[PDB]
Novice: 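Sending over a structure as structure tokens; questions will come in a sec.
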There are 2 protein chains.
Amino acid sequence: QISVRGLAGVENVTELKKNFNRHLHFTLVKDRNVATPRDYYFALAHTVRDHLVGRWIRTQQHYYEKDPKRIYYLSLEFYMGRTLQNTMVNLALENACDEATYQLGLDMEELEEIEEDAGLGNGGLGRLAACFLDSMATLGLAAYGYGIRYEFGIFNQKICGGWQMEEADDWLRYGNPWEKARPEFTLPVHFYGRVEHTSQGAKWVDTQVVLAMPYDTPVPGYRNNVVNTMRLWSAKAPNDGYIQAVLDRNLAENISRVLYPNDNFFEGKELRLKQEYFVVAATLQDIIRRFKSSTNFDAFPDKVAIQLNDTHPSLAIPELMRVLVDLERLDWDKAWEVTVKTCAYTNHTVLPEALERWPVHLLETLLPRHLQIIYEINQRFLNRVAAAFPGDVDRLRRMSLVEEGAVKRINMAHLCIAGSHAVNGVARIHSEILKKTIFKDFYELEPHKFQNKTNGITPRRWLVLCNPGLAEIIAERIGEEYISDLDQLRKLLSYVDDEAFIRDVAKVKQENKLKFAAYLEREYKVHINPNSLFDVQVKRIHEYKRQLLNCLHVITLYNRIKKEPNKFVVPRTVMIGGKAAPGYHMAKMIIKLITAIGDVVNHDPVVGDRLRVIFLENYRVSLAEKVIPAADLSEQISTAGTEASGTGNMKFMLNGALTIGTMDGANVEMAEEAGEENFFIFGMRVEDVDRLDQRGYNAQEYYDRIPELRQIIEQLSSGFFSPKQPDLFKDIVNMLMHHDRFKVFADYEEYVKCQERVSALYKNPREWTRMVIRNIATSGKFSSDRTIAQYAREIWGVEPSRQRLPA
Amino acid sequence: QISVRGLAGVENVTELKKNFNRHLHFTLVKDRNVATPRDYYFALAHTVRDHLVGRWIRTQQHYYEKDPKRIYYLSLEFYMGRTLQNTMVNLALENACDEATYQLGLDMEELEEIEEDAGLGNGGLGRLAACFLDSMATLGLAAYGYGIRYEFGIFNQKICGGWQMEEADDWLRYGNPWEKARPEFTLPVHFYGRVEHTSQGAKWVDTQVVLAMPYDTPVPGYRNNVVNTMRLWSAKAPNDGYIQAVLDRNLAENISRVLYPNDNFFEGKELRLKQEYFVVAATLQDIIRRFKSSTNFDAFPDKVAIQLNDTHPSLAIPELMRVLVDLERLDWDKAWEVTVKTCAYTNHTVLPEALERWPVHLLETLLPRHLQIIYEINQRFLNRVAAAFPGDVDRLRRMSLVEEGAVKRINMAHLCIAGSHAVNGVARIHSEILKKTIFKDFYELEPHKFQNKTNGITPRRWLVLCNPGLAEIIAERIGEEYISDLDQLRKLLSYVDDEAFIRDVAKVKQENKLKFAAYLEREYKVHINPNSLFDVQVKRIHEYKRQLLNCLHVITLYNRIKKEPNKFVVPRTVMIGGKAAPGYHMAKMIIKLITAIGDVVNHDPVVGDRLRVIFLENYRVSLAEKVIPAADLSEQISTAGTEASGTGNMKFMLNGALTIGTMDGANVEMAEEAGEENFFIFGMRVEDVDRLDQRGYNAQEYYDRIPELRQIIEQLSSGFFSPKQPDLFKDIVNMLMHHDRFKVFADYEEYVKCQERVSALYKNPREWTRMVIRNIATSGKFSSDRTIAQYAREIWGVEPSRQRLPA
Ligand SMILES: O=c1[nH]c(=O)n([C@@H]2O[C@H](CO)[C@@H](O)[C@@](O)(CO)[C@H]2O)cc1F
Ligand SMILES: O=c1[nH]c(=O)n([C@@H]2O[C@H](CO)[C@@H](O)[C@@](O)(CO)[C@H]2O)cc1F
């Protein structure tokens, strides 16, 4: 049907059809008379999987022959979403399968909707890991993703009476056709025990053993025949009154049961520590095994790179020391040199409550040897500090891996910097902030460790897969090469005054909005005007992300309409979506506020269809693929200095939404790439936030001087939005007024004014679209292919390659 | 190679080879260079499974079109063992696969050894269920096996320092290629709650829901293209702080976690009650669903038969009442008529400690509605009793489903008799004992309910599969028809004086012994003389089975050798094997005694290779398939009146061992079929046991009069067999002397004398073999095909059919 979706040759369609029928019969044990749509999805999924395996086996064979340096990406999160369409895209089978299933009388799109998301992540950091695997395969790097096969991923979000309810995400219920269990590669992991010192060094004894069983999932590169591996570990009890003993096997296996649903918040629970060691201990054994099948660990850093996605797998550092010192009998100094040269660390936040600071008594019980290695690391590190800054006793306590206080803690971030040859932030402004503030001391010691690697997104999932209409009209004009070289989108700048392109871009957006508006009614009974501006804020719910600022704007628009009902306003559909961590009370209250606003606004006859406020339930990867292409306005409104990067922002820019936001995270590089005139920037810069802090933030001041703001607060306090419980929102008002760490009021005036400028541009469709073209055309930098190429060259020491492997 | 194993046509071998290669590549994702023997087993298993599915789909289709009466076999145990070879046998693919794997350079037999047993049973009762499924498919009955998919089956038995150690049987670790998950057919099961009475009858409310997910395993008939279904239910939690809530899902799912390892012993644990209801509640919903897709439940008993394998699924009775009365709104009397006509009950023991007597307080909490239905059943039943035996108040309390006492209990056996149209024992003597003793009262009320159905074994697994050599020499002479008409073995009587046959029978036995002797050294480092008589007792360890009597004989032989070292004795290898329930202390002590005897006997240089005592570790189905063909003497020595049937006995008769035993269980019918002269019968009959009881059993008497017995006891008491702990066996001696319920001493003299007659026959190879021929030739009655044909005609009301379905 459309050209980017590949060829539907007669040989391929015929081959796919009979393989579909084979799997339905032999694999699913069904016939056409009893098969449900779910059986058809599986038959298609198995048929597509068949095309992967040949390439998968040869890719692993190739890496064995050639023996290149291997990249190990360690993450506790891999937010993969669905695999079927993505696999088709990267294999050029999309049209072929469309044809083949059409001829069998089935609608492929309907079948795609049946696949469960692999929601093995929380948000940005987990999805970054997913985009990265895609890009690594597309760039032909010998790269492995390592993590945990959670039985339950991020919870499904249900709204009941406007409240979030969490229900277990049981994504393996019907099975996962993509994974291959590899029980033969099972590995022991140790916990508890004690440390013995012998003549021949320390020994870790009396441990409890948990077995780690790997599952391999294929990661196909874009049309290059490269298929890399994602290896996820599952917890299994060893085989050594009776009934209870068997039932107690669940204790060991609980390790891989459930993903912790905190985003940007540290919770010091033991089960989470067990998860962190489990992935690290099994992964490192696997790495060393593969290394030995190529005595001399000098070459280890030439053959191995290990990337740490945040501090979650930071125990890789003392674990590698443990293995090298205790088991391989290398001397400390040589083992340490190997470790530093092998490991690299990526930071994703500067919020102090997000930093992992493990109580020493936990590490002592669970990992007594690792605590000893950490104390030894800390001591030798502090000796370097003392030697470089003699007499500076305060530097010593600031830089320590060990924090003193009520309870002693290990600062895992300090550990990562000391034990890594490179430390990076995830956007330029974030990388600068790390150097100026929380890691200043470390930067002064070792300036050469600190780098920037601005985040990116994969244009395969985030353009071709979710927005074929837009990919097609672009391909019509500039070809297909841009899909793996997103810089080529610049060529689109010479179409900015082209009447045909302007009409096509706008037509694609209209189609996406129509389709999404239909999806809203069919799956969630909600009535929206598709001619309105689609104003969307989707991301995890957090105070720093300031969904509350958005709420205040929405209430302002409503109050303005009610004040002058017969005045013309640009109509809007305001969509806010995202999950709150189950114990984050404030986040839960914000979700409730949003729905309460919708209850009032959406049922006011005076408002008409001019303003609708929708909360998007169960925001997740597959919902993102639908709403992002349909958006006109992307809300990226974090208080300056708090959002490390953002990647949602990039998804919107790539798909033809304009951005309203602060000079925060990657926003800064986006505006810089598109031109500030092509972006809606408002609010305090980082420096303004600092000035406000030194002086003191007094929210009363804004309440006293802005009548429109005062009215909103009075409405909140008095029960306008909660008529049956007048004081339902006292916590929110109280926080806004007395302890807002994120200065919602300080940005309010500028935000509202900037929002008027957006509405004005929207009234002029042609100029709106011309600005969109200028965004799409400069989004090339934000490809994860660029990001990974920089990781590869400046951290890992490997050259990317665009070259095909033989078919 | 051998004719009973089918054709190895060139088309088939070629087809099998490429399908093997297909599965290795696409299903296992391996190539010939990285594949282990385990990968090869799986590739073969998937290849064979492919031949089943076509037939499986058409068999289920056929039953839909024709709509015959359906048999539902409800059991908590299905002791299946391995599936690969059995599937090959029943499909006539054995030689073809042998050829095909040989050409790929693999040894099929080596690959077969890799398959884990499905040990979803304890012993006799579980294996009966397995033989039955085979026979039902072979007889073309529309029959379904229903049970529980235990995650862990019967424990693996390890011997350490001569003690039993139990380790978890993790049989699903590497996956099970035979099962098909059917998550789409998932069904809710209810527990706890309370009962509400409305205008419109009783309602069961506030229940906890556990989901039952079915797994279907194919059951192929013998060369008839019939493939029936075994459906095993798995426990799943429904999808509705947070972390703990998810971890607590294990509580619900523990229902199908582990098989209770008691044999002939009731343990009143709640988890076991949950298992019993779980299988019954999900199974009945499935039955009724299938019935409705053919309002009028009059026809229900014409379309449904439900067989209860012991009292374990007895809750089917009040559950069917519950569904019919509470949900379908039939009146009591009509529902009851339907229930009785639908249900039938098989008893497997008369030992009072084996009978299920559930505490009322358990049923009250867990199943409050079922308790009400039971009280109502009991009341109306006792009204029939009162009306038939007016004034007999003691009959009323004896026959009650409710037992009075310290704690009130439900007698589940009384429930089954009242709610079933037929009740059967499992051998003629056992069926008579039920009528004369424990169920006398019930027999006098309803004589027409009581039947006999003597047990059988399947000649497919128990001759063709495990003893191809013997099946072949038989086929040479009488053809192949006997495999599904085992009565034809009679034709072998005219070969009893045939010199060629005599030599062939004996040659096959010698080969089996050689092969098993090799297996002993290769897998368990033990040195045995293959010219010795193989004296084997394999079965669960239990006092009534009298492994202890066997021990006393063994010690006697040893004491006789030591007394006259230079006198000739027929050499023996004495093999005893079987698992003890983990909490059955006495059973555990008997295992220890056996090994201790081996420690003394096997290392005495005076004994030479004349007497060896081996304990066979981890006795299970696949070990039975090896040891049974190698046996010369089958030990079946239970105290008369205690062993309901036995089926091990039948396995030995079929495979050319002679039997030493008591007139107990099926032994009686075996001797009657072969002629008493062709059998080694000894000891008290049932009547003698009764006489001894009335008078009183005084073991001291035998100790005072039998010097050889006195010496053995003195050896036990004084530490001859336990030199480091002289009093290790005080419990055993004490039991033998003061509270032996099974009268070991009373049978001792006769047992030893009968054992001398065995040795004498063994000295004359030709006459030994002629007697063997007379056993094999009369074992036809003991085919499970005969058993199931009698169940079908006299209980279920369906005609068996030997006719092929189209290929
Ligand atoms: O716990 C965390 N979880 C998480 O998803 N991020 C995110 O990591 C992303 C990837 O670097 C960034 O783009 C981000 O700025 C917005 O999601 C950042 O907040 C950062 C954390 F600290
Ligand atoms: O709990 C039990 N488990 C069990 O396996 N059987 C057996 O059920 C078999 C099948 O009917 C019989 O042959 C038997 O006599 C010897 O195993 C009998 O003991 C009887 C029980 F009661």
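Remember, it's 1-based here, ligands and their atoms both numbered in the order they're listed. Heavy atoms only: backbone and side chains are in, while hydrogens, waters and symmetry mates are out. Chain identifiers are assigned alphabetically (A, B, ...) following the order of the sequence lines, protein sequences preceding nucleic acid strands; residue numbering begins at 1 within each chain.
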Novice: Is any N or O atom of B:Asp310, backbone or side chain, closer than 3.5 Å to an N or O atom of ligand 2?
Specialist: no
Novice: Of the protein's non-hydrogen atoms, which lies at the shortest distance from atom 1 (O) of ligand 2, and what is that distance?
Specialist: B:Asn264 N, 3.0 Å
Novice: Minimum heavy-atom separation for B:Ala666 and B:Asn649, please, with both atom names.
Specialist: CB-OD1, 3.9 Å
Novice: I need the atoms of ligand 1 closer than 4.0 Å to a non-hydrogen atom of A:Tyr544, numbered in the order shown.
Specialist: 19 (O)
Novice: Would you say A:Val426 has any N or O atom under 3.5 Å from an N or O of ligand 1, going by distance alone?
Specialist: no
Novice: Any idea which protein heavy atom is nearest atom 10 (C) of ligand 2, and the distance to it?
Specialist: B:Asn455 OD1, 3.3 Å
Novice: Tell me: protein heavy atom nearest atom 3 (N) of ligand 2, and distance?
Specialist: B:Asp263 OD1, 3.4 Å
Novice: In terms of relative ring orientation, are B:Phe439 and B:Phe450 parallel, tilted or perpendicular, with 30° and 60° separating the classes?
Specialist: tilted
Novice: Is the shortest distance from a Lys or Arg side-chain nitrogen in B:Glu635 or B:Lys545 to a carboxylate oxygen in the other one below 4.0 Å?
Specialist: no
Novice: Is the positively charged end of B:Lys579 above the ring of B:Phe155, judged by distance under 6.0 angstrom from the centroid and angle within 45° of the axis?
Specialist: yes
Novice: Return yes when A:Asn122 approaches ligand 1 closer than 4.0 angstrom through a heavy atom, no otherwise.
Specialist: no
Novice: Closest non-hydrogen protein atom to atom 17 (O) of ligand 2, residue and atom name please, with distance?
Specialist: B:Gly124 CA, 3.5 Å
Novice: Check this for me, if you would: do B:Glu432 and B:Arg428 make a salt bridge, where the nitrogen-to-carboxylate-oxygen distance has to be below 4.0 angstrom?
Specialist: no
Novice: Please state which part of B:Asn262 comes within less than 4.0 Å of ligand 2, counting heavy atoms only: side chain, backbone, both or neither.
Specialist: neither
Novice: By ring pair (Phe, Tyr, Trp, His ring centres under 6.0 Å), which residues pair with A:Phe265, not counting sequence neighbours?
Specialist: none
Novice: Could you tell me the residue and atom name of the protein heavy atom closest to atom 20 (C) of ligand 2, and the distance to it rounded to 0.1 Å?
Specialist: B:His348 O, 3.2 Å
Novice: Please indicate whether any nitrogen or oxygen in B:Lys545 is less than 3.5 Å from any nitrogen or oxygen in ligand 2.
Specialist: no
Novice: For a quick check under 3.5 Å, do B:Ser75 and B:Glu77 share a side-chain donor-acceptor pair by atom type?
Specialist: no
Novice: Regarding B:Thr647 and B:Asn455, do their side chains bring together a donor and an acceptor under 3.5 Å, going by distance alone?
Specialist: no
Novice: Please check if the distance between the ring centroids of B:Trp462 and B:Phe652 is under 6.0 Å.
Specialist: no
Novice: Is A:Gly646 in contact with ligand 1, taking contact as a heavy-atom separation below 4.0 Å?
Specialist: yes
Novice: In ligand 2, which numbered atoms sit nearer than 4.0 Å to a non-hydrogen atom of B:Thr349?
Specialist: 22 (F)
Novice: Please report which non-hydrogen protein atom sits nearest to atom 7 (C) of ligand 2, along with the residue it belongs to and the distance in Å to one decimal place.
Specialist: B:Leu125 N, 3.9 Å
Novice: What protein heavy atom sits nearest atom 16 (C) of ligand 2, and how far off is it?
Specialist: B:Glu643 OE1, 3.2 Å
Novice: Could I get the full list of side chain to side chain contact (heavy atoms under 4.5 Å, CB included) partners for B:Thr311, not counting sequence neighbours?
Specialist: B:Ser314, B:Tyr345, B:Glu356, B:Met412, B:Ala413, B:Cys416
Novice: In terms of atom number and element, which parts of ligand 1 are under 4.0 angstrom from non-hydrogen atoms of A:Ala644?
Specialist: 15 (O)
